[PDB]
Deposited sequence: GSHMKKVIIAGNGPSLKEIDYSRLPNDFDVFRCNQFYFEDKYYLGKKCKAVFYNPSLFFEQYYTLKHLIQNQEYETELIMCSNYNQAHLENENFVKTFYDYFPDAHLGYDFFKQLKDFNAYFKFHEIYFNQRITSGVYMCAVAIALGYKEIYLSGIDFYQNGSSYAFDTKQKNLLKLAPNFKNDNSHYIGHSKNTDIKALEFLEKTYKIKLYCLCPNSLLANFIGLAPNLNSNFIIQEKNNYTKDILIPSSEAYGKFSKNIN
């Protein structure tokens, strides 16, 4: 973790490409999720403090991350599975044996559950109203559970249709295998309940209509272009799948 430190939570919405870099803090940790590596440029750098993946694609994402790391495209300290310990959302065996199949990773819920009131908030809305927070918000909850007090948001656009993501997701392998109000109310609850501060790094995003923009500390960050980079998720061998079958 990194209590006291600043963290940038990045969703993969089109606003990820519209970061106002003059509002970027001088120092920060970076939380990325799902298909972040699909980005055509290092919008937030090669170093991540943590990467999050849904349980449904964790097996393949973990495999892909190791390739990303080995190829020196990205680095990360923590690897998180964004689970909730809910029968209708995750394979039960997957969760129970998680640390034995992915020893250097964590069950996101182990941190998420430390925020008892938000866990209740999420569970009540998901279970009774079919209202679920997105990965962007999940990461904010984990960031808070880890000790962060200043969270800078980017790439959270609430699926505006105009543009689905900050990159082309029409990838062969990936293809083979929520609302604005739900997320906003959740972030509000998080800010007011645990007394942390949320900042927005993208002035053109819808998020900017609800949370204040980060100050203009102005940093000299450099955005590096990517070349011959990995832009599709990798598929493990049939043998591998056979070994992980029990965890579906």
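- Mapping the modelled residues onto the deposited sequence reveals missing stretches at 178 to 190, 262.
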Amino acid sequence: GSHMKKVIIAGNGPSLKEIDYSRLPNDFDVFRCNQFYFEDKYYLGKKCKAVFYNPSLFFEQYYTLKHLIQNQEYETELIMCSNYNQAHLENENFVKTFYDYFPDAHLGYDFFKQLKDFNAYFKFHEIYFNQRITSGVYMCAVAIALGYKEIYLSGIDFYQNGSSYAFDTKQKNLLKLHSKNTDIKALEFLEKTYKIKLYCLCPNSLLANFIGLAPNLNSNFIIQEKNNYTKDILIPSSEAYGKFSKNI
From here on, numbers count along this sequence of modelled residues.
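- Mean CA temperature factor is higher for 155 to 163 when stretches 84 to 92 and 155 to 163 are set side by side in the entry.
- The mean C-alpha temperature factor is higher for 166 to 174 when 125 to 133 and 166 to 174 are set side by side.
- As recorded in the PDB entry, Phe221 shows the highest C-alpha B-factor of the residues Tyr63, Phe221, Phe38, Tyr43.
- The PDB entry assigns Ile211 a C-alpha temperature factor belonging to the highest third of its chain's modelled residues.
- For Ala10, the recorded CA temperature factor ranks within the lowest third of the chain's modelled residues.
- Ranked by Cα temperature factor within the chain, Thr182 sits in the middle third according to the deposited record.
- The deposited CA B-factor of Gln70 belongs to the highest third of values across its chain.
- The entry lists a Cα temperature factor for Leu190 that places it in the middle third of the chain's modelled residues.
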